[PDB]
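This report concerns only the one structure given below.
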Amino acid sequence: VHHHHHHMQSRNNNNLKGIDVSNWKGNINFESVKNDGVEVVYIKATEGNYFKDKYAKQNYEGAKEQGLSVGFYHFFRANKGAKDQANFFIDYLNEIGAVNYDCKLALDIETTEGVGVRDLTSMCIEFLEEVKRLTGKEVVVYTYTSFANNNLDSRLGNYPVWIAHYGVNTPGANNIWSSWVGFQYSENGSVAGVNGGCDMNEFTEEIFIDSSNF
Ligand SMILES: CC(=O)N[C@@H]1[C@@H](O)[C@H](O)[C@@H](CO)O[C@@H]1O
Ligand SMILES: CC(=O)N[C@@H]1[C@@H](O)[C@H](O)[C@@H](CO)O[C@H]1O
């Protein structure tokens, strides 16, 4: 409970250096990524209830063999069942044998698919809770400032956020969150081992999984 106005933290060199990738990046040299000082790598696993990212397994194994902390994210499509997507997401992680990820499972919500604020937010909650039920692990929500302020409601504030807001040292005013565990500050980074623009992030220690229901 707030007793005064809270605000998003600014970047800090002591936070975890991270990146996030998907099939869009193709083959990645994680030894190079590691040598660049990167500490965390989020990997796209699934999208909707039908798409599997072909590079999820090689990215997971490639990053882990270099000692990088890893997490997975799911690109949400609100026109598909929430629990259905949660199961599709986790089923794929098990299919590729990714059973030692270090970071919270991420819900990438950035499109409405025509769904209203209350309903879209409820779908997100159902997804998050189903993922928690299935894995016994914790979750995090990825979205961008304007989306949080106009397309979702405060109930999602009960979950930590990995917020996207490029070109700034501090994420903008947010009606749902006043603190972040993740901050995607650039989509054009030059990272060794990664071809083309790379998503750049800062993560706090709270991005790590540190509990289980089992
Ligand atoms: C967590 C993250 O940055 N996901 C991005 C998503 O925002 C973007 O829309 C998509 C297509 O460019 O690529 C990645 O999935
Ligand atoms: C490199 C690695 O193995 N990842 C660990 C992660 O599992 C753990 O949750 C975190 C706690 O601070 O420390 C990281 O180094």
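Summary of computed values
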read-out: Projected label distance in nm at residue 102 and residue 14, using a 7 Å step from Cα toward the beta-carbon; value: 1.9 nm
read-out: Mean separation of Cα contacts under 8 Å (6+ apart) over length of the chain, as relative contact order %; value: 24 percent
read-out: Cβ-Cβ FRET estimate between residue 80 and residue 1, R0 fixed at 35 Å, reported to 0.05; value: 0.45
read-out: Cβ-placed point charges (K, R +1; D, E -1), dipole of region 151-214 about Cα centre in debye, nearest 20; value: 140 debye
read-out: Antiparallel bridge percentage (DSSP; both residues within the chain; nearest 5); value: 35 percent
read-out: Label-point separation in nm, residue 169 to residue 211, each point 7 Å along Cα→Cβ; value: 3.4 nm
read-out: Fluctuation leader among 56, 98, 82 - the chain, Gaussian network, Cα springs under 10 angstrom; value: 98
read-out: Surrounding net charge for residue 137, when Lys and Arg each add one and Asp and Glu each subtract one, Cβ distance under 13 Å; value: -2
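Computed from the coordinates by the stated procedures, all read-outs in this text should not be read as laboratory data. Positions of Cβ are generated from backbone atoms using ideal geometry, with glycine treated the same way; all protein chains shown enter the neighbour counts.
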